[PDB]
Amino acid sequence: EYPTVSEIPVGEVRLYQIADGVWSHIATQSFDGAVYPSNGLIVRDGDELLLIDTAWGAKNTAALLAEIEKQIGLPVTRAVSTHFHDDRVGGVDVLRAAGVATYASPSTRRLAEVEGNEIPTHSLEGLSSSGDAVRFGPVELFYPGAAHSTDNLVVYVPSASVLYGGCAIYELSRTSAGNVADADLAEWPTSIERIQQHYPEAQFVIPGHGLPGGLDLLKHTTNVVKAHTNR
């Protein structure tokens, strides 16, 4: 029942309710002639919503906000971007213009600037060392160490045992490396181990791209990254 890449035209956004007050958002984007799905998260915080990640571009993110207003009808007041690439910050200007306060770690803000990408306004403190965690409204933000990118964060929703891994976690159908130009292959398995150690109770694990599963997605990702290391 989870929407798949073949079911979502580029420019449209789907919402998937995971638990009371917890949804993923799913969009698609063209990249080198192929179409990829991408996931983010929406978490209810009282009568407001917290958004995790844009929907990969300004047009998709505008559609995301329209879809949230239509289907949920509560204001998105804050958003967190889990790393500096365009599937996570692309659309931050649309969010900002809509009154959403945008956040990212200082590491992400710096890398986005260097890269010429959109830059979340607010800096999240307390995430600069591997293994650091902070509570941000209804979620916990965790810096596991460098993996898909040096700045990547993961997000946990304690009320629903939902772990959103972002692009540091691969879906099961992905059996070879994705986009790894900015990755730290040497540290990626260690960073995943920090995730497993901190969130052993996670029930629903969401990759940056594709289908959710359980905690098996962590060991899956390690296997793929190690095989790519040994290419």
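A residue's number is simply how far along the shown sequence it sits, counting from 1.
Trainee: Looking at the entry, does 163-171 or 198-206 show the higher mean C-alpha B-factor?
Mentor: Between 198-206 and 163-171, it is 198-206 that shows the higher mean C-alpha B-factor.
Trainee: Test of understanding: from the entry's C-alpha B-factors, which stretch has the higher mean, 124-132 or 102-110?
Mentor: In the deposited entry, the stretch with the higher C-alpha B-factor mean is 124-132.
Trainee: Checking the record values for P37, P189, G40, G33, which has the greatest CA B factor?
Mentor: In this record, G33 carries the highest C-alpha B-factor of the candidates.
Trainee: Is the Cα B-factor recorded for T150 in the lowest, middle or highest third of its chain?
Mentor: Middle third by C-alpha B-factor.
Trainee: Using the B-factor values recorded in the entry, state whether the Cα atom of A181 falls in the lowest, middle or highest third among the modelled residues of its chain.
Mentor: CA B-factor rank for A181: highest third.
Trainee: Using the B-factor values recorded in the entry, state whether the Cα atom of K219 falls in the lowest, middle or highest third among the modelled residues of its chain.
Mentor: Middle third, going by the recorded CA B-factors of the chain.
Trainee: Could you look up the Cα B-factor of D45 in the entry and say which third of the chain it sits in: lowest, middle or highest?
Mentor: It falls in the top third of the chain.
Trainee: What third of its chain's C-alpha B-factors does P75 belong to: lowest, middle or highest?
Mentor: It falls in the top third of the chain.
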